[PDB]
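# Breakdown of the fold
Listed here are the chains, written in short residue letters.
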Amino acid sequence: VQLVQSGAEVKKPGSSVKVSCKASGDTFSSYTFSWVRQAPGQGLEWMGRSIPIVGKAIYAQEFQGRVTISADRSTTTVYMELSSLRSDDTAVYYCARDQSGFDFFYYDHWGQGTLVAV
Amino acid sequence: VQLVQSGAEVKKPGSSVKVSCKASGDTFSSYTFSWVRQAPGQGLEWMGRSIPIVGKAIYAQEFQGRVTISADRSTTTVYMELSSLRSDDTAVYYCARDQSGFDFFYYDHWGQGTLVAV
Amino acid sequence: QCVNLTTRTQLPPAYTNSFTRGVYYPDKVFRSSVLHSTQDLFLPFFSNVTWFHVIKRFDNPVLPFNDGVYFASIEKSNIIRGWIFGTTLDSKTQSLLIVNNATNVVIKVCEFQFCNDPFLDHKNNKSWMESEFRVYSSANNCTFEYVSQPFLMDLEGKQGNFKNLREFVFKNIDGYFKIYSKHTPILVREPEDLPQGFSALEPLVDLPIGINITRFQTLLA
Amino acid sequence: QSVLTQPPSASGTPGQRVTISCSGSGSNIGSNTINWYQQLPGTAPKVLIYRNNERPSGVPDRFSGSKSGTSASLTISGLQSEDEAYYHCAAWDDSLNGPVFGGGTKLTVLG
Amino acid sequence: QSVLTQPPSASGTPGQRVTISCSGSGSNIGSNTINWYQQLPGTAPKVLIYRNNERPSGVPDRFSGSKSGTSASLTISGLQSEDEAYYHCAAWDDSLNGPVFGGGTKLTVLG
Amino acid sequence: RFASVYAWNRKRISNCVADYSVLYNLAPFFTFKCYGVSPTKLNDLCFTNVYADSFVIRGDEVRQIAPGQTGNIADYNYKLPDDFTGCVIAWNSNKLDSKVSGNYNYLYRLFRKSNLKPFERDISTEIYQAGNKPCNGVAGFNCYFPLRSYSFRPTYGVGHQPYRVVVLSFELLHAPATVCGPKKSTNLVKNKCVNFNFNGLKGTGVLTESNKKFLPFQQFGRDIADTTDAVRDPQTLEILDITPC
Amino acid sequence: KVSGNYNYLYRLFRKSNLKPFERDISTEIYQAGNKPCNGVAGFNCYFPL
Ligand SMILES: *[C@@H]1O[C@H](CO)[C@@H](O[C@@H]2O[C@H](CO)[C@@H](O)[C@H](O)[C@H]2NC(C)=O)[C@H](O)[C@H]1NC(C)=O
Ligand SMILES: *[C@@H]1O[C@H](CO)[C@@H](O)[C@H](O)[C@H]1NC(C)=O
Ligand SMILES: *[C@@H]1O[C@H](CO)[C@@H](O)[C@H](O)[C@H]1NC(C)=O
Ligand SMILES: *[C@@H]1O[C@H](CO)[C@@H](O)[C@H](O)[C@H]1NC(C)=O
Ligand SMILES: *[C@@H]1O[C@H](CO)[C@@H](O)[C@H](O)[C@H]1NC(C)=O
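Named according to the PDB entry, chain F is Spike glycoprotein originating from Severe acute respiratory syndrome coronavirus 2.

Identification of chain D as The light chain of Fab 282 from Homo sapiens is taken from the PDB entry.

## Points about the overall build of chain F
Each helix and strand in chain F was counted, giving 2 helices and 18 strands. The C-alpha radius of gyration of chain F comes to 27 Å, more than 25% above the 18 Å expected for a compact globule of 245 residues. Each principal axis of the C-alpha distribution contributes one length, and for chain F these read about 90 × 40 × 30 Å. Looking at chain F as a whole, 42% of its 245 residues qualify as buried. Put simply, 70% of the contacts in chain F that link residues at least 6 apart link residues at least 24 apart. Of the side-chain charges in chain F, 29 are positive and 20 negative, and the distance between the mean point of each set is 9 Å.

## Brief notes about the site of ligand 3
All names here are of chain C. In the region of ligand 3, the neighbouring residues are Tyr15, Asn17 and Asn48. Note that an oxygen atom of ligand 3 is positioned 2.4 Å from one of the side-chain N or O atoms of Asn48. The fraction of the free accessible surface of ligand 3 (360 Å²) that becomes covered by protein chains is 33%.

## Notes on the interface of chain B and chain G
Listed by partner, the interface residues are 10 residues for chain B and 9 residues for chain G. Counting across the chain B and chain G interface gives 0 salt bridges. Run the count over chain B and chain G and you get 1 residue pair in polar contact. In terms of residue class, the side of chain B that touches chain G is built from 6 nonpolar, 3 polar and 1 charged.

## Side note on a nonpolar patch on the surface
Residues and elements named next belong to chain C. Together, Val23, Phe42, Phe45 and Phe46 make up a nonpolar patch on the protein surface, roughly 400 Å² of accessible area in all. With respect to the element layout, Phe46 can be found in the loop between β3 (29-31) and β4 (47-51). Overall, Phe46 belongs to the exposed group, its relative accessible area being 56%.

## Things to note about the pattern of salt bridges
Between side chains of opposite charge, a pair can form when the charged atoms approach closely. Residues and elements named next belong to chain A. In this structure the tally under the stated criterion is 32 salt bridges over all chains. Between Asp26 and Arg97 there is a salt bridge, with its nearest N and O atoms 2.9 Å apart. Separated by 71 residues along the polypeptide, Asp26 in the loop between β2 (18-22) and β3 (34-38) and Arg97 in the loop between β8 (91-96) and β9 (114-117) bring together distant segments of the chain. Taking the relative accessible area as the measure of exposure, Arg97 reaches 4% and is therefore buried. A cluster of three or more residues bridged by salt bridges with shared partners is formed by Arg37, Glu45, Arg66, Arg86, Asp88 and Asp89.

## Quick word on the packing of aromatic side chains
Counted under the stated rule, the structure contains 46 aromatic pairs over all chains. Aromatic pair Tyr35 of chain F and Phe84 of chain F: ring centres 6.5 Å apart, planes at 65°, arrangement edge-to-face. With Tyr35 of chain F in the loop between β3 (31-34) and β4 (46-47) and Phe84 of chain F in the loop between α2 (73-76) and β6 (86-92), the pair connects residues that are 49 residues apart, well separated along the chain. For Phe84 of chain F, a relative accessible area of 6% translates into the label buried. Ring geometry for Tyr150 of chain F versus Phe152 of chain F: centroids 5.4 Å apart, planes at 45°, classification tilted. Each residue in the set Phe65, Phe71, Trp83, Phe85, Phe168, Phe170, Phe177 and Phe216 of chain C is aromatic and connected to the rest through ring pairs, giving one cluster. Looking at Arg121 of chain F, its charged tip hangs above the ring of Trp8 of chain F, at a distance of 5.3 Å from the centre. Sitting over the ring of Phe2 of chain F, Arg164 of chain F keeps its end group 4.4 Å from the ring centre.

## Thoughts on the state of the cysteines
Applying the stated criterion to the full structure yields 9 disulfides over all chains. Each sulfur in the disulfide pair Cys21 of chain B and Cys95 of chain B lies 2.0 Å from the other. The disulfide joining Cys21 of chain B to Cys95 of chain B has a torsion of about -125° about its S-S bond and is therefore left-handed. Taken together, the residues span a long stretch of sequence, with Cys21 of chain B in strand β3 (residues 17-24) and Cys95 of chain B in the loop between β10 (91-93) and β11 (114-117) at a distance of 74 residues. For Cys95 of chain B, a relative accessible area of 0% gives the class buried. A sulfur-sulfur distance of 2.0 Å marks the disulfide that ties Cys135 of chain F to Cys143 of chain F. Both residues of the pair, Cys135 of chain F and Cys143 of chain F, count as buried. Described in terms of the sequence order of its bonded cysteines, the disulfide pattern of chain F is 1-3, 2-6, 4-5.

How each quantity is defined
Along each chain, residues carry numbers from 1 upward in sequence order, and these need not match the entry's numbering; residues missing coordinates do not appear. As they are written, the chains are lettered A onward and the ligands numbered 1 onward, keeping that order. Each value given relates to the chains shown, not to the larger assembly they are part of. Note: side-chain values were computed over all heavy atoms of the structure, leaving out hydrogens and water. For the purposes of this entry, the term helix denotes a DSSP run of H or I that reaches at least four residues, the term strand denotes a run of E that reaches at least two, and both are numbered from the N terminus. In this description the radius of gyration comes from C-alpha coordinates, and the expected globular size is given by 2.2 Å times residues to the power 0.38. Categorising residues by exposure relies on relative accessible area from a 1.4 Å probe, with only protein chains included: less than 20% of the type maximum marks a residue as buried, more than 50% marks it as exposed, and the intermediate range marks it as partly exposed. Two residues qualify as a contact provided that any one of their heavy atoms is within 4.5 Å of a heavy atom in the partner residue. When charges are counted, neither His nor the chain ends are considered; positive counts come from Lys and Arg and negative counts from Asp and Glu. Here the site of a charge means atom NZ of a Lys, CZ of an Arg, CG of an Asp or CD of a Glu. Nearness is judged by heavy atoms alone; a residue qualifies as near a molecule or strand once a single heavy atom is within 4 Å of it. Under the rule applied, a polar contact is a pair of N or O atoms within 3.5 Å (in protein, one hydrogen donor and one hydrogen acceptor; residues adjacent in sequence only if both atoms are side-chain atoms). Per-residue accessibility takes into account occlusion by the displayed protein chains alone, with areas from the Shrake-Rupley method and a 1.4 Å probe. In the sections that follow, a salt bridge refers to a side-chain nitrogen of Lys or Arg positioned within 4 Å of a carboxyl oxygen of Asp or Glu. Under the grouping applied here, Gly and all other residues not named as nonpolar or charged are polar, the nonpolar ones being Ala, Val, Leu, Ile, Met, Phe, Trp, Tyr, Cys and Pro and the charged ones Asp, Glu, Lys and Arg. Any residue with relative accessible area above 30% and no salt bridge may belong to a patch, with like charges joined within 9 Å and the nonpolar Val, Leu, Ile, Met, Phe, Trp and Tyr side chains within 5 Å. Each pair of aromatic rings taken from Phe, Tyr and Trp, with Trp reduced to its six-membered ring, is defined by centres within 6.5 Å and is described as stacked if the planes are under 30 degrees apart, edge-to-face if over 60, and tilted in the remaining cases. Here, a charge over a ring means that NZ of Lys or CZ of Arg falls within 6 Å of the ring centre while also lying within 35 degrees of the ring normal. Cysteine sulfur pairs qualify as disulfides if the two atoms are within 2.5 Å.

Dropping the structure here:
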């Protein structure tokens, strides 16, 4: 699986950041691209996951729904908008595969990543 | 027709409750006890209806499982086991003889009751 | 894929006096040194049979089907491939498919929308090759599927010395399609008319297809 | 929570006639009779009116019940000291295929 | 900040077995599986170990893992210079209802 | 992997002999109750057509699988006819279907314009407009997605585990049979007065080696008296020789 | 009756057929599977009534 991701972006607090993770080599209708952000020189921080169908997405307790995800099966792209920005949001955002068996949970293969500095 | 139920039972939530009511001076094969939930100072609520022969039974429409029936004709006794206990289970079990017609349906009498606190 | 070839050349049909051919085993029974009287569907002795010759020839006429037919082909190139027992060929009525290309004898009744005239004849100009496997377009609700070993075929197309003679009789009784077959690659003469002599027709297979058949087409290469 | 809608509490002096109304659905009340149960506090429940037209064991004929459409009303003419009880409606339901019950109405005796 | 705690740096000679330790909670590590991931500097993190017993990518046989209660151990043998990388421990927890990752260990290899 | 409940697949069973022993042998098969036919006598019957519908349902939805059942899954996803012939088999698949993290694979109908007839097929998942004004474009107010994903987590209690269900629907000898039960196995006995029943050919007598030759097609030999005298054993191509005791 | 009568029962499983006018009655479990079972209803053997 190849996880094409948008370039590095720098954005002020409250400006919001739109990150796009692309899909290739596989249909996107039944596969999910879970999202996690890693602070530079620090451990990974779970963000969540979105299902292309129906549109239900699972987030983390810290976010409290502040972030939104859009995933359409035809475009084969996952779009993540943080909405709220801060110095702690400065991190590299990595999108990973979700093993197999309808390929929904867990993190199997991370993407190249996108560094957001706030 | 006298029905003798168990005494006050206090159980930890998520545990299992075993409660039985006995048949005295009657044909247990031709009598059935349909257990009824009874919250103190509150409306009654049917749990299940069984028959001693074969052992066929029907449970609450809301709960596919939750409560299991058993009946012993030799001891003329009916046993009810409840699983996944919750705080809402603090109420009483009243059994019930089944009116007439070989006593497989409807309600005529009730056992002293079994108060349970969860 | 098919092509609207049209440009059909046609000749008047011929007629031949079938002397004795058209006798098969009447049932699943063995008897020895006895004479048995059986009332069944047969081909009358010294009957009249329709003779068709195809050279520069595009002749695949639709043949009115009626409770069993007798089909005897003399050839060497094995142009005659199979038959389609379909009444509409428009993918709303389930249609037969009797095709044995190289080794697969596919048998299926399904909604088939065939071409104007299904021919497997045209591929790569003069050089012989299998073609038009897409005789139909869609197959929505197929009920029966069957596969079996191929018959004694002839590779590609060879002209001259038509030693091969394949004689079949088809019937559909009580929802059972029975095919009775004989294969004699022994014709030491020029083709002309039918040969003389006896020939037992052993039954080949029987399938519970069930569907009624009123007309059909003979698929040839 | 109960499908059959009973009032949660009621009051009545001795001697007067009071009605208690329980309403449900057409599949369980419009298609089946309702059964009225009485239950003295601290004791097992009994049966007061059944089949809407009879009493199971010679229960005081002063008690009555009526059914109309999807509604039922218990009317008692003869209030007395130990009439303080919880009263319940019960009826078979085809949609749930089970005996649906009311929320219980407490009839008290006023001073 | 991370629920799972990891050492900030690990150093060792090439060819030496190095252990990386991760500590969490019973509802996080002691209840379900732990997972060790290896991220090369500047590259995508890659799952070194999963389900506490096997390796997802058919990673070499020298990268073993174990889970004892709330503790997770990743034993690496035949250390090589290319093994210097980020190592992260993650687990699913019901308290937060999802995956949570560790603080990361910077395995370094000396001369 | 089985097909979704809303995307149930109908598999063709024909031109074969169905042995229910392994169907009757696997331990986790618990919910195995049959209505039209006795479940213990499916191995000695002939059926012209059989259908297979494999899917996974929750425990709280197993009751809705019986014919004529009305509910949530039984009304908006899949319904069985009131005169359903056959039965279904349900068994646990929590270890297999449900991931350690839990699978969200199965989607079931939530909002539908009207109830569905038994065995009907619908694949379109167009959004359902809740309000009077039609909703088009994206989901939102007065229009919600009629599909919800099943959550089968290992921590879920009994009744929330993935329980695979296969539906077996078939006729009862209403056409040329394609599926038949295995025939009973008995050993051949030579030179002994027996009540042989070769392919239904009932008879009595002693059987010896026959020097008569059968063509590979021919099956039964007949005499001048017009009765069977030689049969071909299905297991052994050797030709027997029927003669009365 | 409204509540649903269940007093009348009829056998489903039996060892074989029975001659006319058989007047004997058993609650014994019926073994259908190859492996014998005893006690109460279990796998490969179910109640014949
Ligand atoms: C007398 O008849 C009774 C029934 O009419 C027989 O009891 C049955 O015995 C068979 C064989 O053991 C059991 O499978 C049945 O379940 C029995 N029936 C009942 C109702 O229990 C009894 O075996 C007969 N006795 C004799 C000597 O033939
Ligand atoms: C030939 O043309 C006719 C008329 O357009 C059409 O109906 C038919 O399908 C065509 N057949 C082929 C072989 O293209
Ligand atoms: C039928 O056969 C006879 C026999 O010679 C022949 O004279 C006659 O022309 C045939 N009829 C047809 C229509 O072929
Ligand atoms: C028959 O089917 C087999 C298996 O698909 C194939 O290998 C063979 O080439 C087929 N015959 C044809 C297409 O001539
Ligand atoms: C032979 O047929 C193939 C496939 O249709 C085609 O691509 C090719 O051009 C043809 N060649 C000749 C000699 O006509």
